[PDB]
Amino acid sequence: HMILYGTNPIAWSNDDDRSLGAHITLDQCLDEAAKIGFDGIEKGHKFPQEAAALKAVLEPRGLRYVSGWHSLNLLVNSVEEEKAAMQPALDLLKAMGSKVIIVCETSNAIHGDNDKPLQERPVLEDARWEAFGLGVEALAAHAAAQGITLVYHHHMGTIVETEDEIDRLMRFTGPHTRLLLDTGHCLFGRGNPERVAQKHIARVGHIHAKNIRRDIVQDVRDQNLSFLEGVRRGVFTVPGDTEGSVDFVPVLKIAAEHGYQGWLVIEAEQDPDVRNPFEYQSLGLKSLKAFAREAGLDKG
């Protein structure tokens, strides 16, 4: 199909804080993703990282390997260092048939630091944006030469969090660099996903349908909480949840009008004990497919 629907395993077992959902085995996560009806699933920390072993657990379940998160350190390492650092991820993605690599600069990120409030996130100095963008685009060209599209994941607690910083990254990159539009991280960072899509839809190569609970976001700011504290409180949820604040249909309508093809991935990290992953991911898939139909994105 033109539109594929994936999930991310952090709804079961968190990556930034491996104690969240540690009791949930990989087999449980993969069985539940498959039986819910997802076309594929993104990499998680409990996934095998060799082609043969990864196929052995995904192919029997009918699950495609969507992509994998890859950390960047362009602010501390040379471009050639980062090309070597990302080559193993590209080799795995090519062997699994993936078409996309998810990247994000994490050298100075704080989303994985439980003691650092989100307001103390790094802000890249203006004089360093041109060089950083040149490095990101260089990695994008390297991946593109090997058939893989690099999509940059704007993220709370990193140097690319606000709407203005998303525009800046797009301005200082291209043509190969693409944007991973994550609706949840966009709204959390005080941006509007619909407006971001209207500007950059032509450059968007991957979409994460992530919802946010506004009241929890307000708590994070008012009480000066860390990213992981927000996650444990339920800052993120799924499409179709009445407690969510993201309006998905307008975003998907912009995608439909411009002929987006690729993955819609439900990524909603939550405390699995409180927010049952099977229940919420099922609601997300049903609701996201309905929203894609209502926006004209999915014709079938």
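We number the residues from 1 along the sequence you see.
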Q | Mean temperature factor over C-alpha atoms, higher-scoring stretch between 163-171 and 204-212 | A | 163-171
Q: Averaging only over Cα atoms, indicate whether 30-38 or 254-262 has the higher B-factor in the PDB entry.
A: 254-262
**Q.** Top residue by Cα temperature factor, when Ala109, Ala197, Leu187, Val103 are compared in the entry
**A.** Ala197
Q. For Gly230, does the deposited CA B-factor place it in the lowest, middle or highest third of the chain?
A. lowest
Q) What third of its chain's C-alpha B-factors does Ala85 belong to: lowest, middle or highest? A) highest
(Q) Considering every modelled residue of the chain and its Cα B-factor in the PDB entry, is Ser19 in the lowest, middle or highest third? (A) highest
**Q.** Chain-wide C-alpha B factor ranking for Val238, given as lowest, middle or highest third
**A.** lowest
Q: Sorting the chain's modelled residues by C-alpha B-factor, tell me whether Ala51 ends up in the lowest, middle or highest third.
A: middle
